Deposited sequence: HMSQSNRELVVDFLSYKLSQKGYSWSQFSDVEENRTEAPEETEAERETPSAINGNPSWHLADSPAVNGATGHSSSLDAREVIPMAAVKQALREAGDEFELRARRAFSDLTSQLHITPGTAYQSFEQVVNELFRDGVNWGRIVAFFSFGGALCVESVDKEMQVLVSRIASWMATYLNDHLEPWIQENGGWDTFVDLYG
């Protein structure tokens, strides 16, 4: 399924980001997409250094936060619709939310942000991804 493999991209990117940053990932061709996406998230974070401080303060995530609040905040990245750069920003933002969750001693949220990201990607982003050549196109652009 497209939807299972999207779930796998999310868990890979999150695990990679948590490992990279000194955190545990223990609550958790494909290989080329995963590799492209890890690298694309590194490049974006080094260059743009976005804290997404607007989005994070709007969501102010806690174990009581519902998917619909996550969805509403993420939509702000897509207010002019989807493109590849905004998808990269969405993965990097979810990795930032996992890191912030552990830092707020809300480690329970990591697993939940992973499900929420997979839900949002499969629902809102996959239609555009498929229309635009699927994840192969992401590899064509990002190496």
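Missing from the model, relative to the deposited sequence, is only the range 29 to 82.
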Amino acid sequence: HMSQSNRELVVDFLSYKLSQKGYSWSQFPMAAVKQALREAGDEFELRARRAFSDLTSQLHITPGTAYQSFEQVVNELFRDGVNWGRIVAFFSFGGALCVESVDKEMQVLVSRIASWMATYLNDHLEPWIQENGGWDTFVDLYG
From here on, numbers count along this sequence of modelled residues.
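Stretches 98 to 106 and 51 to 59 differ in mean CA B factor, with 51 to 59 having the higher one. Annotation for 42 to 50 versus 89 to 97: the higher mean temperature factor (C-alpha) is found in 42 to 50.
Across the options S115, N75, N83, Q35, the residue with the most elevated CA B-factor in the record is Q35. Among all modelled residues in this chain, the alpha-carbon of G134 has a temperature factor (C-alpha) in the middle third.
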